[PDB]
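Below you will find one chain, with nothing else, as structure tokens; this is the form deposited without this ligand, and questions on how it binds or moves follow later.
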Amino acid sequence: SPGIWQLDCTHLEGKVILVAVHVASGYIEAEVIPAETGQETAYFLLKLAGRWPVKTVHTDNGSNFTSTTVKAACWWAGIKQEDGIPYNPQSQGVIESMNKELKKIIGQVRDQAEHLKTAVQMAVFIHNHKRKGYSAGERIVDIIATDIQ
């Protein structure tokens, strides 16, 4: 489970926020894009996999699962591309709660930037640093380091 990530797409201000969640820690990366295309999703995965040891990605929907550009990125970066079916129903609820948390944080910072992308990066920062006691950023590093050792 140190290498497992889940994609998630949510909407705000007529734009799309694409999120990757490290399942075991709740650590996230996110970006704002005009729309959720295979190309945008592929590029996002390429970025993610250069930064963290991404073994498996559960895609956010069937279009990204099917996309040959997404499959090409997963091939390039050595990621196992998987579906995102919530065989465990709790997964569904966890993602929904996370999207609600993220949107709340974005609201709390929204007036500190003109552009949504800036607010989204502030929200990523707040989410990853929040102690719940360890933060998600601490959890992901500890999980991965333990795996290496």
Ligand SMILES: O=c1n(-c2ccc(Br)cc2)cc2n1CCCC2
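The numbering used is simple: start at 1 and walk along the sequence shown. Think of the rigid core as the biggest set of C-alphas that the two forms share within 1.5 Å after superposition.
Stretch 89-97 is the one, of 89-97 and 25-33, whose CA positions lie farther from the shown form in 4 other deposited structures of this protein once all structures are superposed by the rigid core. Per the record, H11 and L12 are directly connected, with no deposited-sequence residue omitted between them. The mean Cα B-factor in the deposited entry runs higher for 134-142 than for the other of 121-129 and 134-142. With 36-44 and 105-113 compared on mean CA B-factor from the PDB entry, the stretch scoring higher is 105-113.
Of all the options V70, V57, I85, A49, the entry's greatest CA B-factor is assigned to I85. Split the chain's modelled residues into thirds by C-alpha temperature factor. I4 is in the middle one. When all modelled residues of the chain are sorted by CA temperature factor, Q92 is found within the highest third.
When all modelled residues of the chain are sorted by CA temperature factor, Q81 is found within the middle third.
Below: the form solved in complex with this ligand, not depicted.
Proximity of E82 to this ligand in the deposited complex: non-hydrogen atoms within 4.5 Å are absent; the residue sits far from the partner.
Residues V94, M98, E101, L102 are the ones in 80-103 with at least one heavy atom within 4.5 Å of this ligand in the deposited complex, listed in sequence order.
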